[PDB]
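Colleague: Let me give you the structure first, and then I'll get to my questions.
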Amino acid sequence: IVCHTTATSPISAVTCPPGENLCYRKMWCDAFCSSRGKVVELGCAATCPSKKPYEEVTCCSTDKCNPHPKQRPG
Amino acid sequence: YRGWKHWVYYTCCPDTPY
């Protein structure tokens, strides 16, 4: 179960590895947010209790959860 | 003065491979 690198980028040398878990992705999204975000962050967690009212982090399991610069504005 | 800002926080303008 393998994330990409993160932030700016397509590539480097990857894996969230020994345990535990999930590619913990912060995404700003001001409200609304209509065409808004352009904010990654991520540096892995052990656990999924990020799920709350004014967050950002949601947990990021399964694969590469990783988007882009969201902005494919489209 | 200033130092300072900066953004954000954007994934804008990748990395690049090339």
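FYI, residue positions are counted from 1 along the chain as it appears here.
Determination method: solution NMR.
Keep in mind that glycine also has a Cβ here, set from the backbone N, Cα and C atoms.
Sharing the record's features from Swiss-Prot:
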DISULFID  A:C3-A:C23  disulfide bond
DISULFID  A:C16-A:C44  disulfide bond
DISULFID  A:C29-A:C33  disulfide bond
DISULFID  A:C48-A:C59  disulfide bond
DISULFID  A:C60-A:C65  disulfide bond
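Please situate the listed features within the shown structure.
Modeller: In the three-state DSSP scheme, A:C3 (disulfide bond) is classed as coil.
Taking all protein chains in view, 19 other C-beta atoms sit within 10 angstroms of the C-beta of A:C16 (disulfide bond).
In this view, A:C33 (disulfide bond) is surrounded by 11 other Cβ atoms within 10 Å of its Cβ, with every protein chain counted.
Non-local contacts of A:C48 (disulfide bond) by the CB criterion (under 8 A, 6+ apart in sequence, same chain) comprise A:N21, A:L22, A:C59, A:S61.
Around the Cβ of A:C65 (disulfide bond), 16 further Cβ atoms fall within 10 Å across all displayed protein chains.
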Colleague: Looking only at C-alpha atoms, tell me how far A:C33 (disulfide bond) is from A:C60 (disulfide bond), rounded to the nearest Å.
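Modeller: Rounded to the nearest whole number, the Cα-Cα distance is 20 Å.
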